Number of protein chains: 2
Amino acid sequence: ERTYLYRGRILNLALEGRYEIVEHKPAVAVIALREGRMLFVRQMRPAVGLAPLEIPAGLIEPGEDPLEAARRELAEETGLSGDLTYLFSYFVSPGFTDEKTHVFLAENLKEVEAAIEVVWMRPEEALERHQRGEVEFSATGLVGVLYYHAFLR
Amino acid sequence: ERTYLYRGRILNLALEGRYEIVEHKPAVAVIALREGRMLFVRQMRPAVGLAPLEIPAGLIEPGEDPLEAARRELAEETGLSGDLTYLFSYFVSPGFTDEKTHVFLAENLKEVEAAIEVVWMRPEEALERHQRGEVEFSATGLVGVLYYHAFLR
Ligand SMILES: Nc1ncnc2c1ncn2[C@@H]1O[C@H](COP(=O)(O)OP(=O)(O)OC[C@H]2O[C@H](O)[C@H](O)[C@@H]2O)[C@@H](O)[C@H]1O
Ligand SMILES: Nc1ncnc2c1ncn2[C@@H]1O[C@H](COP(=O)(O)OP(=O)(O)OC[C@H]2O[C@H](O)[C@H](O)[C@@H]2O)[C@@H](O)[C@H]1O
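Residues numbered from 1 in each chain as written, not as in the entry; some residues may be left out. Chains lettered and ligands numbered in written order. Heavy atoms only, no water. Residues with missing side-chain atoms left out of burial classes, pairs and counts.

- By the method listed in its record, X-ray crystallography, this PDB entry was determined to a resolution of 0.97 Å.

**Things to note about the side chain of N12 of chain B**
Residues and elements named next belong to chain B.
Here's step 1: Looking at the element boundaries, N12 is found in strand 2 (residues 12–16).
Here's step 2: There is a polar contact of 3.2 Å between the side chain of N12 and the backbone nitrogen of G8.
Here's step 3: Contacts of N12, omitting those with residues within four sequence positions, involve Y4, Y6, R7, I21, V22 and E23. (Helix = DSSP H or I, 4+ residues; strand = E, 2+ residues; numbered from the N terminus. Polar contact = N/O pair within 3.5 Å; in protein donor to acceptor, adjacent residues only side chain to side chain. Contact = heavy atoms within 4.5 Å.)

**As for the site of ligand 2**
Here's step 1: With respect to spatial proximity, 17 residues lie near ligand 2, and among them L59 and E99 of chain A together with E20, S93 and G95 of chain B are the closest.
Here's step 2: Around ligand 2, the nearby residues trace back to chains A and B.
Here's step 3: Between ligand 2 and the protein, one listed contact pairs an oxygen atom with a side-chain N or O atom of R45 of chain A at 2.9 Å.
Here's step 4: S93 of chain B places a polar side-chain atom, nitrogen or oxygen, 2.6 Å from an oxygen atom of ligand 2.
Here's step 5: When residues of the shell around ligand 2 are traced back to their parent elements, those giving at least two are strand 6 (57–59) of chain A together with strand 3 (19–23) of chain B.
Here's step 6: Among the elements that take part in the shell around ligand 2, strand 6 of chain A stands out by supplying 3 residues, more than any other.
Here's step 7: Class assignment of the residues belonging to the shell around ligand 2 gives a composition of 7 nonpolar, 3 polar and 7 charged. (Near = heavy atom within 4 Å. Nonpolar A, V, L, I, M, F, W, Y, C, P; charged D, E, K, R; others polar.)

**Some words on the nonpolar core**
Here's step 1: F40, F88 and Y90 of chain A together with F40, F88 and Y90 of chain B are the most contacted members of the largest nonpolar core, which totals 52 residues.
Here's step 2: For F40 of chain B, the residues in contact, after removing those within four places along its chain, are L53, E54, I55, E117, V118, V119, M121, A126, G141 and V145 of chain B. (Core = buried A, V, L, I, M, F, W, Y, C linked by side-chain atoms within 4.5 Å. Buried < 20%, exposed > 50% of the residue type's maximum accessible area, 1.4 Å probe, protein only.)

**As for the environment of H149 of chain B**
Here's step 1: Tracing the backbone shows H149 of chain B in helix 3 (residues 139–151).
Here's step 2: The exposure class assigned to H149 of chain B is buried, which follows from its relative accessible area of 7%.
Here's step 3: Spatially, the C-alpha atoms of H149 of chain B and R132 of chain B are 18 Å apart, while their sequence positions differ by 17 residues.
Here's step 4: If we ignore the near neighbours within four places in the chain, the residues touching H149 of chain B are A150 and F151 of chain A together with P123, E124 and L127 of chain B.

**Some remarks on the UniProt feature "binding site: Mn(2+) 3" (unreviewed entry) in chain A**
All names here are of chain A.
Here's step 1: The positions that UniProt labels "binding site: Mn(2+) 3" (unreviewed entry) are, in the present scheme, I116.
Here's step 2: Within the secondary structure, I116 sits in the loop between strand 8 (100–111) and strand 9 (117–121).
Here's step 3: Each residue touching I116, except ones within four places of it in the same chain, is listed here: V41, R42, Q43 and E77. (UniProt positions renumbered as here; feature names shortened; annotations may be inferred.)

This is how it looks when you write it as structure tokens:
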């Protein structure tokens, strides 16, 4: 059983026996390749004080399933729509939070609409920039880069 | 500036303007392959109520750098030691936490020592089991699987 220390906007903090638990809405992330470039985004993230390289990602809000949330954040963050395929999911850090991320591939991208910086970048270059200390990754950004190298070359 | 709502054992909860921020110690994770099997671990994770497929992972404690923490958790969780190479890092979920994970590759594993279940499993099978809904991934488990498919075949 959980006792709640804080009920917030995008998280709750609970204690469960000796365990500190952060409840958090699920998330989605979209991997998209065009002309050899992957679709990254960057935004200032106050939790870390910097703008890591991410792929388009967002929270699943009331009413939505993961596919719908993925289509929405792709459009809102980048102005694009595409044909989305579910790939896999992961718990971001299951030792303390229940946040689960559902990852999609987007193909056949179309601009549907003309704080978030869109960064098209070859994944090989993202990985080299990271290795040289020039940019940080989020989990979603790293998953995109690794998925590309595994399956999209 | 941050105001603290909770100072805990493995996290602090702060507000920063409108932002809810979870401070958390950094983590490490180790990717290890032997005879075509990757070294996974499973443990009950109360935050999610299940035991996802992870790779050996742990927190960096006072006094330690990432390499040292990685060697320690590999030994404590699996009884193994190896030659460790730094690969890359990622922020697990930078929209709300500062947790950063440093990922290593381990080679030339040796048993140094005879709650945590050690699960050697071919990564192709881990990914198929996940696709069929049979097991969940942590971020570290998924990163291990993707890294293998990208670079270790
Ligand atoms: N929710 C918690 N609340 C209280 N203490 C905890 C909790 N979980 C663990 N402990 C204590 O904290 C001690 C040290 O934890 P270590 O074992 O090095 O790490 P890890 O395997 O848990 O987490 C490693 C990563 O894997 C996952 O993605 C995680 O979220 C991390 O990102 C433990 O001995 C526990 O006593
Ligand atoms: N720390 C926070 N505290 C308060 N509200 C917040 C915070 N961060 C965002 N908001 C609000 O929450 C609203 C909805 O958030 P959406 O934009 O769909 O998601 P995302 O891109 O932030 O996070 C997506 C994932 O990427 C990362 O890995 C994250 O940690 C997630 O795992 C926002 O409009 C903000 O107003």
